[PDB]
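Below: the structure, in C-alpha cells.
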Amino acid sequence: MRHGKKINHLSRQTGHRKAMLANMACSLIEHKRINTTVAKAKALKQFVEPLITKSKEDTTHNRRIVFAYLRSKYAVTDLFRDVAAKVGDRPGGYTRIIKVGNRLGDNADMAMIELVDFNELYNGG
Amino acid sequence: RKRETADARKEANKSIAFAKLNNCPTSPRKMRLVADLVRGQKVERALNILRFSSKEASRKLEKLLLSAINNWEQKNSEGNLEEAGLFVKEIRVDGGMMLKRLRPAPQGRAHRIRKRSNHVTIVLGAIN
Amino acid sequence: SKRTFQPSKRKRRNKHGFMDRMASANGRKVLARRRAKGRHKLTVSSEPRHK
Amino acid sequence: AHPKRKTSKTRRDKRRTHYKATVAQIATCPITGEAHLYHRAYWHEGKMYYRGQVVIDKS
Amino acid sequence: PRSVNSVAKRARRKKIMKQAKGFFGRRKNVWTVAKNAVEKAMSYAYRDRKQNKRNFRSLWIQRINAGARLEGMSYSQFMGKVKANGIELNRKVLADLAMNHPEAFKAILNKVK
RNA sequence: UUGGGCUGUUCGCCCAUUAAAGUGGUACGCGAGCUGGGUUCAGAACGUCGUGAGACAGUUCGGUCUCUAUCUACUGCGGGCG
RNA sequence: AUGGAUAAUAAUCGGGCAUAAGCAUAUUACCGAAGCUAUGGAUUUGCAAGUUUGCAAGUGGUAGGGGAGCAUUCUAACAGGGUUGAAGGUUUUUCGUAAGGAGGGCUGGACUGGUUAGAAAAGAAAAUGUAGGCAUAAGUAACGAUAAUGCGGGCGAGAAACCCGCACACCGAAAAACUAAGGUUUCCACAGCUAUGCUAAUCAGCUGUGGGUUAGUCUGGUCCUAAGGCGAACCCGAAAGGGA
RNA sequence: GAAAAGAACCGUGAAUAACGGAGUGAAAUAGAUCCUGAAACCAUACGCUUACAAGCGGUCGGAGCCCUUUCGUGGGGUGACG
C-alpha cells in the first residue's frame with residue numbers, strides 16, 4: 001500500500017537517487033536538452049522546477065540554497081547567469097517532456113526533456 | 001519419370017514472388033509471435049507493424065519483406081507496384097539446426113543448452 | 001579449499017619421468033606395454049619443456 | 001514438485017492462446033506522411049516532428 | 001549369413017497403424033500407443049456384435065408396443081394373440097409395418113384380435 | 001470452551017481465574033506447512049550380562065529433516081462467446 | 001406391524017417414487033444370455049468312395065505337449081524382369097484362416113527376383129536394457145556477492161555495456177606494486193563479429209594476419225654439501241633382486 | 001556429380017548473412033549439413049465439427065454437411081445425438 005507516496009525511488013538508494021538527480025540537473029543546465037528515460041525525466045522535472053523558480057532572484061542566500069542541491073559551481077553560475085535571464089517572468093513549467101520512442105538494449109521508453117525558453121521552433125499548438 | 005521433364009514442369013516459380021531467410025540465429029517460437037501480426041496484412045501495414053514492433057525478431061524480418069517486394073518487382077517488370085496492392089499471402093516460420101552446449105550445474109553435473117535457429121518463408125501475392 | 005593436484009614440474013619428473021621408469025625392473029615393463037599398445041605419448045617426460 | 005504426466009500438444013496449445021503479441025498503436029502525420037507511434041515524436045529527415053511542428057532541426 | 005528384417009519390420013507395423021486413423025492425440029502416429037489402441041478397438045469390435053443383435057430387438061419391441069397401444073392393446077397381449085394364431089412374422093417386419101404401413105399393421109391387429 | 005510451574009511428553013499433579021475450562025474422529029488430522037525436544041545412525045561414560053568381540057523397552061552429553069507445483073482441490077483477478 | 005441410543009466429509013429401496021409399484025397364495029401372456037434352434041461358411045478325429053465328397057462326435061483355455069505354414073539373408077539348378085525405369089520411400093485396389101501375396105499413381109535413378117531343394121547372425125512392446133535424434137515441464141528457474149551509476153561528443157547500418165570528457169561511487173596491511181609455484185604466448189598493433197563471452201556489441205584473455213623476451217655483476221650450470229638416491233669391491237637371496 | 005563444369009554477372013540488403021534471377025548439368029527439391037532420404041518432433045493452407053457440458057477417448061447405431069462416381073441397398077472425410 002502506497003496511498004499517497006508521491007515520490008519515485010527509481011530503484012536506487014536514498015543517496016544514489018539524490019546523486020543522480022543532482023547529476024542530471026547539471027547536464028540539463030549546461031545543455032538545454034537531454035535524452036533520458038520517461039520515469040527519470042518525470043522525476044528530474046519535479047526536482048528541477050523549484051530550483052529554476054528560486055533562480056529568479058539572485059541573492060547570496062538563494063545561491064547557496066541552489067548550490068546545496070546542484071553541488072557544482074559550474075551549474076550554479078550557468079543557472080544564475082543566463083537561464084534566469086532567458087526564463088523571464090514565466091508563471092511556471094519551465095521544462096517540457098517529449099517521448100521519442102524506445103531504446104534497443106532493454107526496450108525502455110525514452111524522452112527528450114528540454115527547457116521551454118531555449119526552444120524557438122516548437123510551440124505545441 | 002523423366003527428371004528433366006518433372007523439373008521443367010515444377011519450375012513454375014516464374015510467376016510467384018517469394019523470399020526466404022535461412023539460418024537465422026533466433027528461436028522459432030519467438031518469431032512465430034511476430035509472424036501472426038503480419039500474416040494476411042497489406043504490404044505496407046505489415047512494414048509499419050514490423051518497424052514499430054517491440055521485438056528484436058522484427059529488425060531482420062522487416063527487410064525480408066522488402067526483399068520479397070523487390071523480387072516481385074523483378075518478376076513483374078512491366079507494371080508499377082502501388083496499383084497491384086500487394087499483401088502477405090503466406091508466411092511460415094520453421095525450425096533449424098540447433099547447436100548444443102554445456103552448462104556446469106551445481107554438484108559436478110552438466111546441463112544441456114540448445115541454441116536454436118529458424119527458417120522463414122514469405123510469399124506476397126497480388127490483389128489486382 | 002585445497003585440491004588434490006598441486007602441480008610441480010620437478011616432483012612430477014622425479015616420480016613419473018623416463019629415468020624413473022627406466023631405473024626399476026618392473027617400471028621398465030610399463031614402457032614395453034605402452035609401446036606395444038601404440039601410445040603416441042609415453043611417460044610424462046614426453047611433454048615439451050619451456051623454450 | 002514434478003509433473004506426473006507429459007503435457008499433451010493439445011493442453012499446451014490451448015494454453016498458448018494468450019501468449020500472442022500486441023500490435024503497436026501506429027499513427028500517421030498529415031504533414032510529412034511518415035508513420036510513427038501515437039503520442040511519440042519521430043525523425044523524418046534530420047528533424048523531429050511531433051504535432052505538425054518541428055522540435056529539433058539537425059539538418 | 002546375416003539376415004535383417006528391416007523393410008518388413010516396418011511394413012508390418014504400417015498396416016496395423018493405418019487402421020488407427022482418426023484417433024485422438026498420439027494414438028494415431030506413435031507405434032506403441034497405436035498398437036495398444038488397435039488391439040483394444042478390435043476387442044471392442046468382437047463384442048458389440050452380439051449386442052447389435054439384442055439392441056435392435058429392443059427397438060423393434062418398443063415400436064411394436066407403440067403401434068399396438070394405439071388400438072387399445074399391449075405388446076404382451078398382442079404378441080400372445082399373434083403367436084397363438086399361426087402368423088410367424090418376426091419383430092423386424094412387424095416394426096417396419098407398424099412404422100411405415102399403419103394400415104397393414106391395424107389389419108394384422110384386427111385379424112388376430 | 002483461560003493463562004502459567006514441573007516433565008520431550010500424551011497423560012497427570014499443582015497455582016490463579018472463568019458461565020464453562022467437554023468427550024472424541026479426520027493415516028492416534030495436518031513434516032512437497034514448520035521445530036527435532038523424545039525415539040532406531042555412526043563418538044563417549046555409568047549399572048548389569050557375557051572369558052571375549054558385544055548387548056540392554058536401563059540411564060546421561062553431543063549429533064545434515066532434500067524438491068523451481070504438471071493435473072485436480074482452494075483463495076482472488078481477467079479475456080472469448082452466449 | 002410397534003418400542004427397545006447412536007459416530008464422526010452429504011445422504012440413500014441403486015434413483016424417481018409407490019398406500020400399491022409392499023407382503024402371502026394361485027393363474028395367464030410377455031421380456032430376458034455368446035444356452036437351444038433356423039441360414040451361410042470354416043476346421044479336428046473316426047468311418048466309406050476316390051485321388052475332394054458323404055455321415056457321426058466335437059471345436060473356452062494359463063503352465064505345458066503336438067501338427068501344418070509366412071516373412072527375412074544367402075546358396076545350387078531351370079526359367080526371367082529392368083534407364084521404354086531395379087531396389088528403397090508415400091498413397092490406393094484386390095486376394096488368403098492368419099503370418100502375408102499381387103497390381104496402379106507419385107518420388108527414386110541401378111539392380112532384382114519366380115519354381116524345387118538347402119543353411120541360418122531367421123521376426124521385439126516392455127529387461128529402473130544400449131547408441132543417436134527429438135518433445136514435455138516452458139519461454140518457466142536462472143543470467144553467478146545489494147560497490148552505482150548519469151549525461152554530452154567519436155567511429156559506426158546498428159551503442160544502457162566500446163573510445164574520449166565532465167560528474168558520482170568503491171578498495172586502499174586492500175580490490176595497490178614486485179615476484180616465487182604454476183600456466184607456456186594469454187603480451188603489442190591492425191582487420192572480424194561466424195563460433196566463444198550465461199544479453200547485444202563497432203569490444204575482448206575469441207578468430208586471422210604482422211611483431212615482441214638482448215646480462216661479466218639478477219636466478220640456476222660450469223663451485224660445495226644436508227635428508228635421500230645410485231653404488232665398482234664385499235655380504236646375502238629360487239630368479240627378478242636386497243644391503244652397503 | 002560421369003567429369004567441379006563447385007554458381008562469372010545483376011537486384012534487395014550495411015554486409016563476400018540470406019535470398020531471388022542468370023549461366024553448368026540429365027537433374028541445384030544433386031549447392032558443398034550436397035545419392036535416396038522414412039519415424040518421432042515443429043509449423044501453414046483447405047473441408048467438417050466444437051463455448052450447459054464430466055471419466056482408458058474406443059466400439060456398435062445415427063442425422064446433417066463436403067469430394068468422387070461403372071451411377072450405386074457404391075467409395076472417401078467430418079461427424080450433432082444414443
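Observations on the model:
- Residue order, fewest to most beta carbons within 10 Å, for C:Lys2, C:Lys11: C:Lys2, C:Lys11
- The fraction of Cα-Cα pairs per 10 angstrom bin, counted from 0 for region B:1-40, comes to 20, 31, 25, 22, 2 percent, rounded to whole percents.
- Cβ-based charge dipole, chain D, positive-most Cα from D:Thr10, D:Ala35, D:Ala21: D:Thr10
- Cross-link partners of E:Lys40 among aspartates and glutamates (Cα-Cα below 14 Å; sequence separation of 8 or more within a chain): E:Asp48
- Kirkwood hydrodynamic radius of region A:33-74, from inverse mean 1/r over distinct Cα pairs, in Å: 11.4
- The overall shape of chain B is oblate: from the C-alpha gyration tensor, with semi-axes ordered a ≥ b ≥ c, the ratio a/c is 1.5 or greater and a/b is no larger than b/c.
- Semi-axis lengths, largest first, of the ellipsoid equivalent to the protein assembly as shown are 74, 52, 31 Å, with √(5λ) applied to each eigenvalue of the Cα gyration tensor.
- The Rg/Rh ratio of region E:1-104, with Rg taken over Cα atoms and Rh as the Kirkwood radius over Cα pairs, comes to 1.37.
- Likely footprinting exposure, D:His44, C:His50, fewest C-beta neighbours within 10 Å first: C:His50, D:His44
- Rg then Dmax, both in Å and based on the Cα atoms of chain A: 15.2, 45.
Neighbour counts run over all protein chains shown; Cβ positions are idealised from the backbone, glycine included. No lab work stands behind these numbers, since they all come straight from the coordinates.
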